[PDB]
There are 2 protein chains.
Amino acid sequence: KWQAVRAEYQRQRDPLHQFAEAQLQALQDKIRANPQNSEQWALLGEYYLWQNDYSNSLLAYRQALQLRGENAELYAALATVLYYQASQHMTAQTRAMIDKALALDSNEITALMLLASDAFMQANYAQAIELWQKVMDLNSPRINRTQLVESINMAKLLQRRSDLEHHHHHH
Amino acid sequence: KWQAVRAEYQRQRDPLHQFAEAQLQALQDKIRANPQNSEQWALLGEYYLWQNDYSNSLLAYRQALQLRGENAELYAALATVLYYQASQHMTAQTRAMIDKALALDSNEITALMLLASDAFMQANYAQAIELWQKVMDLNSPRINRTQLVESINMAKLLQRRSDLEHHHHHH
């Protein structure tokens, strides 16, 4: 060491993934106790998303959003559920939830990170890079910065290989 | 008025029916531009379905599904094409696409609405009602709720008439 292990803290879904009890009457009971609370339904949506119960996640998030009105974080969460439900393939429903999110908050990271990753999967590396750089530029405690650097360097490597295989060296 | 005309918004196939140009090189050109995109082939399938070109619709949707892998919305769309191709009669191909849809998403409304309507046409009103109620219970912006109420009341009327004609008053 030096010490040099590199200091690092949590994020905003690593904290949110404070699952791994496990039967949570808790979250439901607290909803029966108080039913008009936005963030309580969002937490239910979050639990179901972790369980990969996309149908039930969508229902809970939908209710959250009914109560709160238009809200970027909830638009981005819906988009996350839809995207995963479609096996991590973009979808018209997914893109519209993302577009609604970004209209309320141009720097909503959850939405930006879904867009980046999907650009990468569709080989639009230049868009992926641009988006991961936009996020990096936010200096946010939310995303591990070494992850962004690494994702960008992979997109760069894959761009070059594409350029080389297609003899497409310009842009 | 009051004003009392009753406020109401779109759905998810009323927006999708943003047909009624009309020659759409557009959709084809965009496929030639990018051929590995799932939702682009689905949109082609959707165009052809609107034209009632069931053969071409099936081809486009099949390709969409080849690319995306199992996906409830596309299973439900296939089932819609097959059902309409068979003049709105259930079919083994149709039921299997519906069963695949509902295995990926137990609340896929397109599949639920085909099942309900077909139950109605086969005089299984109790099943139709149960399905239309399940949809209603989803509190979804997708289906006009007054339509579900009306469809359920018709099934109720037709049930009673059947009970009366057959002297079958129990269930």
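Hydrogens, waters and symmetry mates play no part in the numbers below; they use all other heavy atoms, side chains included. Chain A is the first sequence line, chain B the second, and so forth, proteins listed ahead of strands; every chain is numbered from 1.
- B:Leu114 and B:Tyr125 fall within the same hydrophobic cluster, defined by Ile, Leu, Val, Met, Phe, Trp and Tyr side-chain heavy atoms under 4.5 Å apart, directly or through other members.
- The number of heavy atoms from other shown groups lying within 6.0 Å of OH (A:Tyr47) is above 12.
- Put simply, the side chain of B:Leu58 reaches to within 4.5 Å of the side chain of B:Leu82, judged on heavy atoms.
- A continuous path of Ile, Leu, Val, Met, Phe, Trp and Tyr side chains, each step under 4.5 Å between heavy atoms, connects B:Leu148 with B:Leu138, placing both in one hydrophobic cluster.
- Side-chain contact between A:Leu65 and A:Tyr75 is present, with at least one heavy-atom pair separated by less than 4.5 Å.
- Within 6.0 Å of CZ on B:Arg95 lie no more than 12 heavy atoms contributed by other residues, nucleotides or ligands.
- For residues 63-86 of chain A, the pairs satisfying salt bridge (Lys or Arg N to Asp or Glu O under 4.0 Å) are A:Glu39-A:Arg68, with sequence neighbours left out.
- Using a 4.5 Å cut-off between side-chain heavy atoms of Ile, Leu, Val, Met, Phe, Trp and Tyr, with links allowed through other members, A:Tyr84 and A:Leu74 fall into the same hydrophobic cluster.
- A pairwise comparison of heavy atoms in A:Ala60 and A:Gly45 identifies CB-N, 3.4 Å as the closest pair.
- Across A:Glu108 and A:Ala76, no two heavy atoms sit closer than the pair OE1-CB, 3.3 Å.
- Surrounding CD of A:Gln18 are at most 12 heavy atoms belonging to other residues, nucleotides or ligands under 6.0 Å away.
- In this structure the side chain of B:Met113 never reaches within 4.5 angstrom of the side chain of B:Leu131, judged on heavy atoms.
- Ring planes of A:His169 and A:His167: perpendicular class, angle over 60° (limits at 30 and 60°).
- Between A:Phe19 and A:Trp50, the ring-plane angle classifies as tilted under the 30° and 60° cut-offs.
- Between A:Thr80 and A:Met97 there is no side-chain heavy-atom pair separated by less than 4.5 Å.
- With a 4.5 Å cut-off on side-chain heavy atoms, B:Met136 and B:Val149 count as touching.
- Between B:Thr94 and B:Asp118, the closest side-chain pair of non-hydrogen atoms is not below 4.5 Å.
- Side-chain atoms of B:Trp132 never come within 3.5 Å of backbone atoms of B:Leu112 as a donor-acceptor pair (strictly under, hydrogens ignored).
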- request: Take B:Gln122 and B:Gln127 through the side chain to side chain contact (heavy atoms under 4.5 Å, CB included) test and state the conclusion after the steps.
  value: CA-CA 10 Å; B:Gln122 296 200 30; B:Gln127 205 192 196; over 6 Å; no
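- Between the side chain of B:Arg6 and the main chain of B:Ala4, no donor-acceptor pair closer than 3.5 Å is present.
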task: Would you sort out whether A:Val135 and A:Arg145 count as a side chain to side chain contact (heavy atoms under 4.5 Å, CB included), showing the intermediate values?
output: CA-CA 9 Å; A:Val135 174; A:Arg145 255 56 194 168; 4.2 Å; yes
query: For A:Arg62 and B:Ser140, what are the C-alpha separation, side-chain angles and deciding distance, and is it a side chain to side chain contact (heavy atoms under 4.5 Å, CB included)?
result: CA-CA 9 Å; A:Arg62 173 187 311 162; B:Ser140 173; 4.0 Å; yes
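- Between the A:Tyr61 side chain and the A:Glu46 main chain, a donor and an acceptor come within less than 3.5 Å of each other.
- Under the 4.5 Å side-chain heavy-atom criterion for ILVMFWY residues, no single connected hydrophobic cluster contains both A:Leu43 and A:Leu78.
- When all heavy atoms of A:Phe120 and A:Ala128 are compared, the closest pair comes out as N-CB, 3.8 Å.
- When the shell of 6.0 Å around CD of B:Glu8 is examined, it contains more than 12 heavy atoms from other residues, nucleotides or ligands.
- Side-chain contact between A:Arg11 and A:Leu16 is absent, with no heavy-atom pair separated by less than 4.5 Å.
- Judged purely by atom type and a 3.5 angstrom limit, B:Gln40 uses its side chain to pair as donor or acceptor with the backbone of B:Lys30.
- Listed here is the closest heavy atom pair of B:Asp105 and A:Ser55: OD1-OG, 3.0 Å.
- For the ring pair (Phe, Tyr, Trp, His ring centres under 6.0 Å) test, residues two or more places apart in sequence or in another chain that qualify with B:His168 are B:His170.
- B:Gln12 places a side-chain heavy atom less than 4.5 Å from the side chain of A:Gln93.
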- request: Report the C-alpha distance between A:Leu49 and A:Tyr54 in whole Å, list the side-chain angles of each, state the deciding distance to 0.1 Å, and finish with yes or no for side chain to side chain contact (heavy atoms under 4.5 Å, CB included).
  value: CA-CA 6 Å; A:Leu49 206 212; A:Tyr54 305 127; 4.1 Å; yes
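- Heavy-atom neighbours of A:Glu130 CD from other residues, nucleotides or ligands within 6.0 Å: at or below the threshold of 12.
- Annotation: side chain to side chain donor-acceptor pair (under 3.5 Å) contacts involving residues 146-160 of chain B, sequence neighbours excluded, comprise B:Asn144-B:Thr146, B:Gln159-B:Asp163.
- Side-chain atoms of B:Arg142 and B:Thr110 include a donor-acceptor pair closer than 3.5 Å.
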